[PDB]
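In the block that follows, a single chain appears as structure tokens, in the form deposited in one PDB entry.
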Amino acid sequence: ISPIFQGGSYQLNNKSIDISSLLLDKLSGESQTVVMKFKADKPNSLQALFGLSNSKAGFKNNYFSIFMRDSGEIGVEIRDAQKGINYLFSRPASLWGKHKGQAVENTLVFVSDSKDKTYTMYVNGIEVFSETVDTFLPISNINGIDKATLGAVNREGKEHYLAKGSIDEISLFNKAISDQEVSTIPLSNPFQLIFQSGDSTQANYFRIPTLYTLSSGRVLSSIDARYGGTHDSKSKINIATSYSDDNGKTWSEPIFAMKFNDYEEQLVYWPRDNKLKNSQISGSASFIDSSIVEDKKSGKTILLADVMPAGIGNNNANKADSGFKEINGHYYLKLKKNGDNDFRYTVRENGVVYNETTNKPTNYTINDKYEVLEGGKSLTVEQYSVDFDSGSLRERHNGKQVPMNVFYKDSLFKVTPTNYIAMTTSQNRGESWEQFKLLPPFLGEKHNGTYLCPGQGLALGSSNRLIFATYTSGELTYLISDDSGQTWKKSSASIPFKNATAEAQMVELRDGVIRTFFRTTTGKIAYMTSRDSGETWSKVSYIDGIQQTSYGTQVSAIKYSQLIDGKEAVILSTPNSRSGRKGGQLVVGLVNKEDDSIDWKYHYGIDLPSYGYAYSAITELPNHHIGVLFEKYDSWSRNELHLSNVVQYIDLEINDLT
């Protein structure tokens, strides 16, 4: 089908453009598609890009509009007072503003389908909403429509929602074009997706990106594949990985590094309305917050993540219990059997389940996958699925049997309801991952596990030392291994906050000198330095010139391999904002060789100050470009929960930064 109207290069400079004569009498039938390529790098707070309205006195509420906000939100209104219909559909964080100093051409496709009674919006190749209604209102069947407008809506003769931006191309069709047809429309995206809705994970949501450049040149990424909306644990979340062998140009279909199967991997559209949006999968085990390092010694890749038993997250984890029992200098995983009121069991060497009241082995063992065996025979549990068919969240058995795991709700033997850290390794650079092992507790029997800092671990350049930053109340707790992650020791570093989410990332400034940058509750990013490969740590200082919110956001950090302005360089990625998670920046600092202080010299705005930027991952690609995988939305805001395909990847060169 050919367009019934096509036009382009319209400048919207706070003055609408009337295209009624060109468009109105071409509109026919009850189904329409609008295709629009547009730029808006300095949008007004709220502005219409396109409008069809009744401009007459008395009919102010009779119009169709496609509108955007300076927050990045896109949406439509479809309104007809006579019909008693006022439809508004939208999604936050759907737009790009600028990339590498140039306004981004967004590609918008809106489909109004009378046959299916469905309105669907795509932006930059991503479906941001699809809504079916009982009473369909065709966009050009609004009573008394007499104006077609760009850059405003004509209401009662006056310009409402005046726009600043440009419409490079606009086309309309008297048909609802298929999803297939939509896929053929060319895009001008400044970004790519590594993980995405409908991929191999079957998670509709993702959070907590990581990136790490391996010695082979392979670039590896990990992520929370989150099934029950974007909620932190408790939920169902797996850890997924993908890699690129061509400097980030293309990426492998994701596989899992850590997964549980007590609940089905379901691609679910999580409700965003105020009544149901806090619906949360409450009986599933999960993993959350991963971190990657490569070991030069063995060549193995190592990935850690937090582990949460069924129904457990940070909010309800038992804080006074590691989940392990100390018996003769060694730590053993505690287990509670169905029916008991105490944890009367432990898991000893070779997975033998021991009875603590009788100090005798049982006929039960735990295999490498933390699954329960009786007499060497695999026990099973029935898997759960979730649905909203009854109007609220339901979690129910689905008929399928899966191996019984001690992290599950339905297991005969269950671990302590608290948080743990696990580790897995890969011997083929992310092509497959081993079964995960639990790390031991580092701060005693009666202290819950520390929390992994998402992102990268640190491999020291001049030794075989590996360090993973973690945090808990009152300190950073660095985990240190000198034997390829076979054994770990802690190095504690006090910080001046209680109960902070002190997400920390490290860079090696020079041989044995580690600077750690971390999130606080002060509105400023902090740092500390070690000069002995992580054995001891300095007092805490703070970075000026960057602002965060009171609650803070993860900061990612790397040491760049090449000199910049003749100096060693570190690069930080963070939102720069005191208001919310937005205003994403890369900040380039040069190291003063005389005292290791850093002059934060260059700031690169990832996109508009008002557009979303939350958790982030950066890595120096093998060709010396910079890869950034980041949450392009406000992942703190309760208005921006459960958005799909907002974790995005871009490629930058150093010259773009400076």
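The first residue of the sequence shown is number 1, and the count goes up from there.
Mean CA B-factor, 162-170 versus 320-328: the higher value falls on 320-328. Here the stretch with the larger average CA B-factor, out of 349-357 and 142-150, is 349-357.
Each of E631, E620, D607, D595 has a CA temperature factor in the record; the biggest one is found at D595. Set against one another, the Cα B-factors of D483, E431, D410, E535 in the record reach their highest point at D483. Ranked by C-alpha B-factor against the other modelled residues of its chain, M68 falls in the lowest third. The entry lists a Cα temperature factor for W600 that places it in the highest third of the chain's modelled residues.
The deposited CA B-factor of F59 belongs to the highest third of values across its chain. The deposited CA B-factor of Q47 belongs to the middle third of values across its chain. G589: CA B factor in the middle third of modelled residues in this chain (values from the PDB entry).
Below, we refer to the form solved in complex with a small molecule, which is not included among the displayed structures.
Considering the small molecule in the deposited bound form, the lone stretch of 572-580, 304-312, 431-439, 174-182 in range is 304-312 [heavy atom distance within 4.5 Å]. A residue is said to contact a partner when one of its heavy atoms sits within 4.5 Å of a partner heavy atom; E503 meets this definition for the small molecule in the deposited bound form. Proximity of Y615 to the small molecule in the deposited bound form: non-hydrogen atoms within 4.5 Å are present.
The small molecule is not drawn, but in the deposited bound form it has a heavy atom within 4.5 Å of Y451. Of the heavy atoms in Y10, none are within 4.5 Å of the small molecule in the deposited bound form.
Although the partner is absent from the chain shown here, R207, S233 and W636 each have a heavy atom within 4.5 Å of the small molecule in the deposited bound form. Taking a 4.5 Å heavy atom cutoff to the small molecule in the deposited bound form, the contact residue among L335, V372, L479, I288 is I288. Interface residue among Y471, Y119, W537, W488 relative to the small molecule in the deposited bound form, by the heavy atom within 4.5 Å criterion: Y471.
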